[PDB]
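Asks: Pasting model_35.cif here (mmCIF, C-alpha atoms and all ligand atoms):
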data_work
#
loop_
_atom_site.label_atom_id
_atom_site.label_comp_id
_atom_site.auth_asym_id
_atom_site.auth_seq_id
_atom_site.Cartn_x
_atom_site.Cartn_y
_atom_site.Cartn_z
CA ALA A 11 -4.28 -13.87 30.06
CA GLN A 12 -6.49 -11.20 28.44
CA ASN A 13 -9.71 -12.25 26.61
CA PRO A 14 -9.46 -15.93 27.61
CA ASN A 15 -12.91 -16.79 26.10
CA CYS A 16 -11.64 -15.43 22.69
CA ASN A 17 -14.52 -13.01 22.21
CA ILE A 18 -14.59 -10.60 19.27
CA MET A 19 -13.59 -7.20 20.68
CA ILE A 20 -14.81 -3.81 19.40
CA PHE A 21 -12.54 -0.75 19.64
CA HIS A 22 -13.37 2.98 19.52
CA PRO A 23 -10.02 4.83 19.06
CA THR A 24 -9.90 8.58 19.50
CA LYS A 25 -8.49 10.71 16.66
CA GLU A 26 -5.24 10.88 18.59
CA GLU A 27 -5.07 7.12 18.94
CA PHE A 28 -5.83 6.76 15.18
CA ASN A 29 -2.51 8.29 14.15
CA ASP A 30 -0.17 5.44 14.65
CA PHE A 31 -1.50 2.22 13.01
CA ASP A 32 1.19 -0.19 14.27
CA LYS A 33 0.93 1.11 17.81
CA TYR A 34 -2.90 0.63 17.82
CA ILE A 35 -2.64 -2.98 16.54
CA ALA A 36 -0.17 -3.69 19.34
CA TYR A 37 -2.58 -2.07 21.83
CA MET A 38 -5.47 -4.23 20.69
CA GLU A 39 -3.30 -7.32 21.09
CA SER A 40 -2.30 -6.16 24.64
CA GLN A 41 -6.01 -6.40 25.41
CA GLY A 42 -6.31 -9.95 23.94
CA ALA A 43 -8.08 -9.01 20.72
CA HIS A 44 -6.14 -11.50 18.61
CA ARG A 45 -7.37 -14.44 20.60
CA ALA A 46 -10.75 -14.14 18.77
CA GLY A 47 -9.15 -14.14 15.27
CA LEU A 48 -11.15 -10.99 14.37
CA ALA A 49 -11.69 -7.45 15.84
CA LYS A 50 -13.88 -4.50 14.85
CA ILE A 51 -12.51 -0.94 14.83
CA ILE A 52 -14.98 1.96 14.69
CA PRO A 53 -13.08 5.05 13.38
CA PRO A 54 -13.22 8.37 15.31
CA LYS A 55 -16.20 10.50 14.38
CA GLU A 56 -13.93 13.13 12.78
CA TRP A 57 -12.42 10.66 10.28
CA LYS A 58 -13.48 9.92 6.75
CA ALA A 59 -12.07 7.64 4.02
CA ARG A 60 -12.95 10.09 1.27
CA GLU A 61 -15.41 12.98 0.70
CA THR A 62 -18.10 11.15 -1.24
CA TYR A 63 -18.81 7.92 -3.19
CA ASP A 64 -20.68 9.79 -5.92
CA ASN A 65 -18.21 9.16 -8.65
CA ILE A 66 -17.41 5.32 -8.51
CA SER A 67 -19.76 3.96 -11.14
CA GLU A 68 -17.19 3.84 -13.87
CA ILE A 69 -14.81 1.45 -12.05
CA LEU A 70 -14.66 -1.76 -14.12
CA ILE A 71 -15.24 -5.21 -12.77
CA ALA A 72 -13.29 -7.04 -15.54
CA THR A 73 -14.18 -10.54 -14.37
CA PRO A 74 -17.33 -10.77 -12.23
CA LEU A 75 -17.63 -14.19 -10.58
CA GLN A 76 -20.93 -16.16 -10.37
CA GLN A 77 -20.73 -18.25 -7.22
CA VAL A 78 -22.37 -21.61 -7.90
CA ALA A 79 -22.94 -23.92 -4.90
CA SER A 80 -22.96 -27.75 -4.55
CA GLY A 81 -23.83 -29.76 -1.48
CA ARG A 82 -26.36 -29.28 1.30
CA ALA A 83 -27.54 -26.04 2.90
CA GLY A 84 -25.10 -26.14 5.81
CA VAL A 85 -22.16 -27.94 4.11
CA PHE A 86 -21.36 -26.85 0.55
CA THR A 87 -18.68 -25.84 -1.85
CA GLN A 88 -18.78 -23.01 -4.36
CA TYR A 89 -17.11 -22.57 -7.71
CA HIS A 90 -16.60 -19.37 -9.52
CA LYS A 91 -17.90 -19.03 -13.06
CA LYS A 92 -16.40 -16.10 -14.93
CA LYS A 93 -18.88 -13.61 -16.43
CA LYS A 94 -18.54 -10.77 -18.92
CA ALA A 95 -17.13 -7.43 -17.70
CA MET A 96 -19.35 -4.81 -16.25
CA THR A 97 -19.00 -1.39 -14.60
CA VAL A 98 -19.76 -0.80 -10.93
CA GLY A 99 -22.89 1.16 -12.06
CA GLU A 100 -24.04 -1.84 -14.07
CA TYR A 101 -23.26 -4.25 -11.18
CA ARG A 102 -25.17 -2.08 -8.68
CA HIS A 103 -28.23 -2.12 -10.93
CA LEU A 104 -27.92 -5.92 -11.18
CA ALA A 105 -27.59 -6.30 -7.39
CA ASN A 106 -30.84 -4.23 -6.96
CA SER A 107 -32.81 -6.28 -9.52
CA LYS A 108 -35.66 -8.46 -8.47
CA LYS A 109 -33.55 -11.63 -9.20
CA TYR A 110 -30.62 -10.59 -6.94
CA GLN A 111 -31.88 -8.10 -4.33
CA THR A 112 -32.00 -8.61 -0.56
CA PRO A 113 -35.38 -10.10 0.49
CA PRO A 114 -37.65 -8.55 3.02
CA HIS A 115 -36.46 -9.34 6.52
CA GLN A 116 -36.96 -8.28 10.14
CA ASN A 117 -33.40 -7.81 11.38
CA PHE A 118 -29.83 -9.15 10.80
CA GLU A 119 -30.68 -12.45 12.57
CA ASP A 120 -33.68 -13.14 10.30
CA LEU A 121 -31.47 -12.34 7.29
CA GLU A 122 -28.78 -14.73 8.57
CA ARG A 123 -31.41 -17.47 8.89
CA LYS A 124 -32.55 -16.86 5.32
CA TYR A 125 -28.92 -16.92 4.06
CA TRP A 126 -28.21 -20.35 5.55
CA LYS A 127 -31.54 -21.79 4.51
CA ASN A 128 -31.46 -20.56 0.97
CA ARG A 129 -27.94 -19.71 -0.21
CA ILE A 130 -27.31 -22.90 -2.13
CA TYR A 131 -30.36 -22.36 -4.35
CA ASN A 132 -29.04 -19.20 -5.87
CA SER A 133 -25.83 -18.08 -7.66
CA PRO A 134 -24.99 -14.43 -6.73
CA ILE A 135 -22.32 -12.51 -8.69
CA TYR A 136 -19.27 -11.14 -6.74
CA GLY A 137 -16.88 -8.41 -8.03
CA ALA A 138 -13.94 -9.68 -6.00
CA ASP A 139 -10.28 -9.16 -5.95
CA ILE A 140 -10.00 -5.91 -8.03
CA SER A 141 -6.62 -4.15 -7.56
CA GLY A 142 -7.20 -0.56 -6.45
CA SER A 143 -8.20 1.82 -3.64
CA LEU A 144 -11.04 4.16 -2.70
CA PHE A 145 -9.13 6.03 0.04
CA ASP A 146 -8.45 9.67 -0.80
CA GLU A 147 -4.72 10.29 -1.01
CA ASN A 148 -5.13 13.01 1.54
CA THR A 149 -6.54 10.61 4.17
CA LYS A 150 -3.56 10.13 6.41
CA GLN A 151 -4.93 7.76 9.08
CA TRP A 152 -5.73 4.10 8.36
CA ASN A 153 -5.41 4.57 4.63
CA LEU A 154 -5.12 0.96 3.37
CA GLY A 155 -3.06 2.09 0.33
CA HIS A 156 -0.40 3.74 2.63
CA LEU A 157 0.40 0.97 5.06
CA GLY A 158 3.96 -0.30 5.82
CA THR A 159 4.62 -3.20 3.43
CA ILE A 160 5.05 -6.87 4.40
CA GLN A 161 8.37 -6.92 2.56
CA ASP A 162 9.62 -4.03 4.65
CA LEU A 163 8.41 -5.79 7.86
CA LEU A 164 10.30 -8.97 6.90
CA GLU A 165 13.38 -6.88 6.19
CA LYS A 166 13.17 -5.00 9.47
CA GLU A 167 12.67 -8.20 11.52
CA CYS A 168 14.93 -10.63 9.71
CA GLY A 169 17.44 -8.47 7.80
CA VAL A 170 16.73 -9.89 4.37
CA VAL A 171 15.65 -7.69 1.46
CA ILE A 172 13.16 -9.31 -0.88
CA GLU A 173 11.25 -8.50 -4.10
CA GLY A 174 7.48 -8.02 -4.12
CA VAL A 175 4.79 -5.48 -3.53
CA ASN A 176 1.68 -5.24 -1.26
CA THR A 177 -1.40 -3.37 -2.68
CA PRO A 178 -5.11 -3.25 -1.74
CA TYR A 179 -8.06 -4.91 -3.35
CA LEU A 180 -11.69 -3.89 -3.86
CA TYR A 181 -14.71 -6.17 -3.40
CA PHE A 182 -18.13 -5.32 -4.82
CA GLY A 183 -20.83 -7.57 -3.25
CA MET A 184 -24.50 -8.33 -3.47
CA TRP A 185 -26.97 -10.34 -1.40
CA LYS A 186 -25.64 -13.89 -0.74
CA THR A 187 -22.15 -13.26 -2.09
CA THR A 188 -19.95 -15.47 0.02
CA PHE A 189 -16.39 -15.73 1.29
CA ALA A 190 -15.43 -19.31 2.08
CA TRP A 191 -13.57 -20.55 5.19
CA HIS A 192 -9.90 -19.53 5.02
CA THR A 193 -6.92 -18.00 6.66
CA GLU A 194 -4.86 -15.41 4.82
CA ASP A 195 -1.93 -16.26 2.54
CA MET A 196 1.03 -17.18 4.70
CA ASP A 197 -1.33 -16.76 7.74
CA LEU A 198 -0.93 -12.94 7.45
CA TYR A 199 -3.20 -10.39 9.07
CA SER A 200 -5.89 -8.74 6.96
CA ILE A 201 -7.67 -5.41 7.34
CA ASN A 202 -10.99 -4.76 5.65
CA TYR A 203 -12.85 -1.44 5.39
CA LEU A 204 -16.56 -1.42 4.37
CA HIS A 205 -16.70 1.76 2.26
CA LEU A 206 -20.39 1.80 1.47
CA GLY A 207 -23.60 -0.09 1.19
CA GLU A 208 -25.12 -3.01 3.03
CA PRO A 209 -23.50 -5.03 5.82
CA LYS A 210 -21.13 -8.01 5.79
CA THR A 211 -21.56 -10.85 8.38
CA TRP A 212 -18.41 -12.60 9.56
CA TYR A 213 -17.76 -15.94 11.28
CA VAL A 214 -14.36 -16.65 12.89
CA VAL A 215 -12.54 -19.47 14.72
CA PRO A 216 -9.98 -18.48 17.40
CA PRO A 217 -6.41 -19.11 16.16
CA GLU A 218 -5.71 -21.43 19.08
CA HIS A 219 -8.54 -23.67 17.80
CA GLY A 220 -7.93 -23.53 14.08
CA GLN A 221 -6.88 -27.19 13.82
CA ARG A 222 -10.37 -28.19 15.16
CA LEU A 223 -11.92 -26.51 12.16
CA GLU A 224 -9.40 -28.23 9.84
CA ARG A 225 -10.24 -31.65 11.27
CA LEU A 226 -13.96 -31.07 10.78
CA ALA A 227 -13.38 -29.85 7.24
CA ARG A 228 -11.42 -33.05 6.41
CA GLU A 229 -14.42 -35.08 7.67
CA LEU A 230 -17.01 -33.00 5.78
CA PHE A 231 -15.12 -32.69 2.50
CA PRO A 232 -13.37 -36.07 2.35
CA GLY A 233 -12.50 -36.16 -1.43
CA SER A 234 -11.08 -32.62 -1.23
CA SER A 235 -8.99 -33.62 1.79
CA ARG A 236 -7.46 -36.58 -0.11
CA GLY A 237 -6.65 -34.26 -3.02
CA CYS A 238 -4.74 -31.71 -0.96
CA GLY A 239 -3.31 -31.50 2.53
CA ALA A 240 -4.31 -27.81 2.78
CA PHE A 241 -7.47 -27.65 0.73
CA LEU A 242 -8.99 -24.77 2.68
CA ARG A 243 -6.40 -22.68 0.79
CA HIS A 244 -8.63 -23.21 -2.23
CA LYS A 245 -11.22 -20.95 -0.64
CA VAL A 246 -14.27 -22.99 -1.70
CA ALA A 247 -15.73 -24.63 1.43
CA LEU A 248 -18.63 -23.40 3.53
CA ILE A 249 -19.83 -24.80 6.86
CA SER A 250 -22.81 -23.16 8.68
CA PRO A 251 -22.90 -22.03 12.27
CA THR A 252 -25.43 -24.75 13.06
CA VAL A 253 -23.05 -27.42 11.77
CA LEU A 254 -20.11 -25.89 13.67
CA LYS A 255 -22.23 -25.90 16.90
CA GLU A 256 -23.30 -29.54 16.31
CA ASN A 257 -19.63 -30.49 16.04
CA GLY A 258 -18.42 -28.47 19.04
CA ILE A 259 -16.18 -26.07 17.04
CA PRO A 260 -15.49 -22.84 18.90
CA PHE A 261 -16.45 -19.75 16.82
CA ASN A 262 -17.91 -16.27 16.99
CA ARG A 263 -19.94 -14.05 14.66
CA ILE A 264 -20.30 -10.33 14.09
CA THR A 265 -21.83 -8.00 11.47
CA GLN A 266 -19.71 -5.18 9.96
CA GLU A 267 -21.51 -2.04 8.75
CA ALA A 268 -20.46 0.66 6.34
CA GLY A 269 -17.76 2.88 7.85
CA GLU A 270 -16.23 0.16 10.01
CA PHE A 271 -12.90 -1.72 9.88
CA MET A 272 -12.35 -5.39 10.61
CA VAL A 273 -8.92 -6.91 11.35
CA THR A 274 -8.25 -10.61 10.97
CA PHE A 275 -5.32 -12.01 12.94
CA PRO A 276 -2.75 -14.65 11.94
CA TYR A 277 -4.31 -18.09 11.57
CA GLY A 278 -7.85 -16.79 12.32
CA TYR A 279 -10.14 -18.81 10.05
CA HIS A 280 -13.01 -16.70 8.76
CA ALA A 281 -16.01 -16.91 6.38
CA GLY A 282 -19.09 -14.77 5.76
CA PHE A 283 -21.59 -13.19 3.40
CA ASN A 284 -22.86 -9.82 2.16
CA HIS A 285 -26.34 -8.50 2.93
CA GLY A 286 -26.83 -6.54 -0.27
CA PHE A 287 -24.92 -4.20 -2.62
CA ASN A 288 -21.67 -3.07 -0.99
CA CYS A 289 -18.04 -2.19 -1.56
CA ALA A 290 -15.16 -3.22 0.69
CA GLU A 291 -11.37 -2.65 0.48
CA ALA A 292 -8.89 -5.07 2.04
CA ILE A 293 -5.17 -5.71 2.23
CA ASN A 294 -2.80 -8.08 4.02
CA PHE A 295 -0.25 -6.81 6.53
CA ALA A 296 2.32 -8.13 8.98
CA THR A 297 3.69 -7.27 12.45
CA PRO A 298 6.61 -8.82 14.34
CA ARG A 299 4.25 -11.31 15.91
CA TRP A 300 3.28 -12.69 12.47
CA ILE A 301 6.77 -14.01 11.64
CA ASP A 302 6.34 -17.21 13.63
CA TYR A 303 2.96 -17.87 11.99
CA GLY A 304 4.41 -17.32 8.56
CA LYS A 305 7.09 -19.95 9.25
CA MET A 306 4.43 -22.50 10.20
CA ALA A 307 1.74 -21.72 7.62
CA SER A 308 0.35 -24.61 5.62
CA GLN A 309 0.59 -24.65 2.03
CA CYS A 310 -1.36 -25.96 -1.01
CA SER A 311 1.08 -27.67 -3.42
CA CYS A 312 -1.75 -29.52 -5.49
CA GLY A 313 -1.78 -26.59 -7.72
CA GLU A 314 -5.27 -25.32 -7.13
CA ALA A 315 -4.57 -22.34 -4.77
CA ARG A 316 -2.40 -20.41 -7.25
CA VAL A 317 -1.42 -17.10 -5.57
CA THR A 318 0.52 -13.81 -5.98
CA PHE A 319 4.03 -13.07 -7.08
CA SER A 320 4.93 -11.73 -3.60
CA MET A 321 4.16 -14.99 -1.81
CA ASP A 322 7.21 -16.59 -3.54
CA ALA A 323 9.68 -14.75 -1.44
CA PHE A 324 7.78 -15.38 1.77
CA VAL A 325 7.93 -19.13 1.17
CA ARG A 326 11.53 -19.01 0.00
CA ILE A 327 12.80 -17.20 3.09
CA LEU A 328 10.47 -18.47 5.83
CA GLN A 329 9.88 -22.01 4.56
CA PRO A 330 12.99 -23.06 2.53
CA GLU A 331 12.30 -26.81 2.93
CA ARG A 332 8.80 -26.41 1.41
CA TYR A 333 10.01 -24.07 -1.34
CA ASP A 334 10.77 -26.58 -4.14
CA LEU A 335 7.45 -28.54 -3.73
CA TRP A 336 5.24 -25.41 -3.31
CA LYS A 337 6.80 -23.86 -6.45
CA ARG A 338 6.10 -27.10 -8.45
CA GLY A 339 2.43 -26.43 -7.50
CA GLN A 340 2.72 -22.79 -8.63
CA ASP A 341 4.32 -23.82 -12.02
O1 LIG B 1 -14.76 -9.28 2.07
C1 LIG B 1 -14.50 -10.43 1.56
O2 LIG B 1 -15.18 -11.01 0.57
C2 LIG B 1 -13.43 -11.33 2.00
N1 LIG B 1 -12.48 -10.56 2.88
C3 LIG B 1 -11.58 -11.16 3.63
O3 LIG B 1 -11.46 -12.46 3.69
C4 LIG B 1 -10.61 -10.31 4.39
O4 LIG B 1 -10.71 -9.10 4.44
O5 LIG B 1 -9.71 -11.03 4.92
MG MG B 2 -15.93 5.89 -11.69
NI NI B 3 -9.70 -13.09 4.46
ZN ZN B 4 -4.43 -27.67 -3.00
#
Spit out the file's structure as structure tokens when you get a sec.
Replies:
Amino acid sequence: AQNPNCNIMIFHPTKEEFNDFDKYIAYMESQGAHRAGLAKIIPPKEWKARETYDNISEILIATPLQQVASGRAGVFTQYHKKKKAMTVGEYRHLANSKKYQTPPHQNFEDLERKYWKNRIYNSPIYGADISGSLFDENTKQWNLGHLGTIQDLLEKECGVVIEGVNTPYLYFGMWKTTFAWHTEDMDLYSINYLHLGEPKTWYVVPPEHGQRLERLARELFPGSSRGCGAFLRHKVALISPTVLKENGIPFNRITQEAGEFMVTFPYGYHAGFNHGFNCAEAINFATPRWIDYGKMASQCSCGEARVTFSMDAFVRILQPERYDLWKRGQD
């Protein structure tokens, strides 16, 4: 078995190897990359996502989210308070203000220590989940707006044509902005490109051990667990590496820098935080190996998780017994 310790693997494809996206994902899996839940891909030196970032300031963040924490430093939830619209140039100036900027630090490890010590005492503002793309249309390789769609994958594997579309999303971050512990909708893959700015630190649990994280979360968030049998789908719970280590949960960590891709694999729980002002692009995707994870994915029916139009068909075809109850939650 390849990668039996479930380490995060880092790949350096050549420009020739960067032509065929599906083939490269399958290659990484042949080497055991999926066992970690997360892999890093450093693009060939010849490749670029676009020519420059000089003209992005007029993108609108219609609904910036202030991430307010409750709990203790290592075990907390966050809720999202909606704020007034602002442009990316306005948000960048806010991120660089004395109130929101990255503090002085020695290295990524010192910064990580400061994040876990101090996160709960501040409420950073995240420009998350903005439909759009920063890849130039002429970028032919690993262009996250030109991937094969999940609906087409389901049709190719299973023969059933379904409605729905699959488009990318932009994320504008600042120091301490946080992504809570989750797997993707329908336990899909994700791919995330850090277009510019400061790093993003990731934590990940191997897919084979995901239920260990779920059991800990039920213990640590006991009211939330009674409320919903899949409350991590709400994307609100944070648990620190120190608390994971105290409770014996297998995990790994890595820091993504500008110019790098990350891939999350089906049922790979992940969480993390931004180091400072940045912009990332991400989208879900599927391969043949996902289908069995999609069939088994948990679902929130309490009504809180409220997701996309395209997830309807995935539930209806892959999970017909659950369909009814899950749709009651969605309506
Ligand atoms: O970058 C973020 O805030 C969150 N991204 C992801 O969870 C992802 O790409 O799957
Ligand atoms: Mg602009
Ligand atoms: Ni994710
Ligand atoms: Zn729920």
Asks: Counting all atoms listed in the file, which residue out of A:30, A:56, A:291, A:314 sits closest to ligand LIG 1 (chain B)?
Replies: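 Looking only at the distances to ligand LIG 1 (chain B), the closest residue turns out to be A:291.
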Asks: Grab the CA of residue 166 (chain A) to CA of residue 178 (chain A) distance for me, in Å with one decimal place.
Replies: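 According to the coordinates, CA of residue 166 (chain A) and CA of residue 178 (chain A) are separated by 21.5 Å.
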Asks: Kindly indicate which residue among A:141, A:274, A:221, A:151 lies nearest to ligand LIG 1 (chain B), using all atoms listed in the file for the distances.
Replies: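 Closest residue, counting all atoms listed in the file: A:274.
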Asks: Please provide as a list in words all residues within 12 Å of residue 36 (chain A), with the sequence filter that same-chain residues fewer than 5 positions apart are discarded (counting all atoms listed in the file).
Replies: residues 27, 30, 31, 41, 42, 43, 44, 275, 296, 297, 298, 299 and 300 of chain A
Asks: So how many Å separate CA of residue 16 (chain A) and CA of residue 193 (chain A), to one decimal?
Replies: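 For CA of residue 16 (chain A) relative to CA of residue 193 (chain A), the distance reads 16.9 Å.
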Asks: Counting only C-alpha atoms, which of A:281, A:317, A:20, A:292 gets nearest to residue 250 (chain A)?
Replies: A:281
Asks: Where does chain A meet ligand ZN 4 (chain B) within 9 Å, residue by residue, with the nearest atom pair and distance in Å to one decimal for each, counting all atoms listed in the file, listed by chain and rising number, as a Markdown table?
Replies:
| residue | atom | partner | partner_atom | distance |
| --- | --- | --- | --- | --- |
| A:234 | CA | B:ZN4 | ZN | 8.5 |
| A:235 | CA | B:ZN4 | ZN | 8.9 |
| A:237 | CA | B:ZN4 | ZN | 7.0 |
| A:238 | CA | B:ZN4 | ZN | 4.5 |
| A:239 | CA | B:ZN4 | ZN | 6.8 |
| A:240 | CA | B:ZN4 | ZN | 5.8 |
| A:241 | CA | B:ZN4 | ZN | 4.8 |
| A:242 | CA | B:ZN4 | ZN | 7.8 |
| A:243 | CA | B:ZN4 | ZN | 6.6 |
| A:244 | CA | B:ZN4 | ZN | 6.2 |
| A:309 | CA | B:ZN4 | ZN | 7.7 |
| A:310 | CA | B:ZN4 | ZN | 4.0 |
| A:311 | CA | B:ZN4 | ZN | 5.5 |
| A:312 | CA | B:ZN4 | ZN | 4.1 |
| A:313 | CA | B:ZN4 | ZN | 5.5 |
| A:314 | CA | B:ZN4 | ZN | 4.8 |
| A:315 | CA | B:ZN4 | ZN | 5.6 |
| A:316 | CA | B:ZN4 | ZN | 8.7 |
| A:339 | CA | B:ZN4 | ZN | 8.3 |
Asks: Tell me, in Å to one decimal, how far CA of residue 212 (chain A) is from CA of residue 88 (chain A).
Replies: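 Going from CA of residue 212 (chain A) over to CA of residue 88 (chain A) covers 17.4 Å.
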Asks: Name the closest residue to ligand NI 3 (chain B) among the candidates A:194, A:256, A:119, A:173; distances are taken between atoms, counting all atoms listed in the file.
Replies: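 Ranking A:194, A:256, A:119, A:173 by distance to ligand NI 3 (chain B), first place goes to A:194.
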Asks: Report, as lines of an AutoDock Vina configuration file, the axis-aligned box around all atoms of region 96-103 of chain A present in the file, extended by 6 Å on each side; give centre and edge lengths in Å to one decimal place.
Replies:
center_x = -23.6
center_y = -1.8
center_z = -12.5
size_x = 21.2
size_y = 18.0
size_z = 19.6
